[PDB]
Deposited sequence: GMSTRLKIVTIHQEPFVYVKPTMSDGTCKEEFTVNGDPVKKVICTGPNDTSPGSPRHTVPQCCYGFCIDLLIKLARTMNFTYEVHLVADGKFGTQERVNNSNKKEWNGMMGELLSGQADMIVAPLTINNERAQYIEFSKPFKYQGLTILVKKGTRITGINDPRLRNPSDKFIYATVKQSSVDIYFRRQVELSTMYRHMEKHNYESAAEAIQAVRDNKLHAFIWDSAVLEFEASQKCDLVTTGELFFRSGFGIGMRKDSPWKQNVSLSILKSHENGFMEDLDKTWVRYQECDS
């Protein structure tokens, strides 16, 4: 009856911070002056996963609070136990494929809804229902201020050399996407020589002139350019998609969640969240 919401730490959609010493969330304010709405979300911090109450906020939490009031439901939030969004992986012995991450929790009933920047795509939609997108996004490129890259069809990307190094995060969804496209084979080969272990490290290497361009989520990258003013995004977005709320097939909430998201786009609520959390 309390919906179990699963989410994941992924700024700026979901921040995760420790509680104060009395177990409450610290009072904080957005640029606009409004108080930051925080919810308590339990989850972990080959280690043991001690689940402890933490604070969660951001774009996706704001959205959840609005959907809950709008559709009259109560909720409890936890962080995905294994820390992953969700891919299919082979069980040992090559029996079947099983979803891990938020996708696995949703399908096994450990959650009733995924509220996270969850990419809508074909493999997932075969198994779960997605809302209409609450955020349209895609990939862009992060470069030092001054650098001119038109997008994925720019000659310094199509015809790569060591003079202009570009890269993404190793084994990320982007890496996997590039590897599967034969027309991007030349680009993948250059990237695999240089892919970084995390987005944070790749962003730092752009700052330290060891990476000339970082290919990543546009929402994340626009948020990054807002903060650090020596970096910018450049070029037209490519490989566009959207984030959706995830529910199981024939969930009773599917249509009303989607209509509420459409309503919040149309009345400016979603653009207000974009301003609060993504751009500055």
| property | result |
| --- | --- |
| Missing residue ranges, deposited sequence indexing starting at 1 | 1-3, 49-52, 288-292 |
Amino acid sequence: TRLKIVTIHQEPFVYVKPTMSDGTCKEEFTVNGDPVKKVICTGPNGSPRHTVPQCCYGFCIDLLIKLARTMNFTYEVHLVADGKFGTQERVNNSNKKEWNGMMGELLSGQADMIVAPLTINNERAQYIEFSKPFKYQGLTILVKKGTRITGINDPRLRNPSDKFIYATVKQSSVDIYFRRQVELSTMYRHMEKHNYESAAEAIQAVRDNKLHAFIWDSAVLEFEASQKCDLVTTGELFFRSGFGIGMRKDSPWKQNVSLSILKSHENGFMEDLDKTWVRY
From here on, numbers count along this sequence of modelled residues.
| property | result |
| --- | --- |
| Between 119-127 and 94-102 (mean CA B-factor, as deposited), the higher | 94-102 |
| Selected stretch [higher average CA B-factor]: 128-136 or 169-177 | 169-177 |
| Highest-ranked of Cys229, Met247, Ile215, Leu64 once sorted by CA temperature factor in the record | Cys229 |
| Residue selected from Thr74, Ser108, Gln204, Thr87 by maximal Cα B factor | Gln204 |
| Third of chain Cα B-factors occupied by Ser21 | highest |
| Within-chain third of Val31 by Cα B-factor, per the entry | highest |
| Modelled-residue ranking by C-alpha temperature factor, third containing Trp253 | highest |
| Within-chain third of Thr70 by Cα B-factor, per the entry | middle |
| Chain third (lowest, middle, highest) by recorded CA B-factor, residue given as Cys56 | lowest |
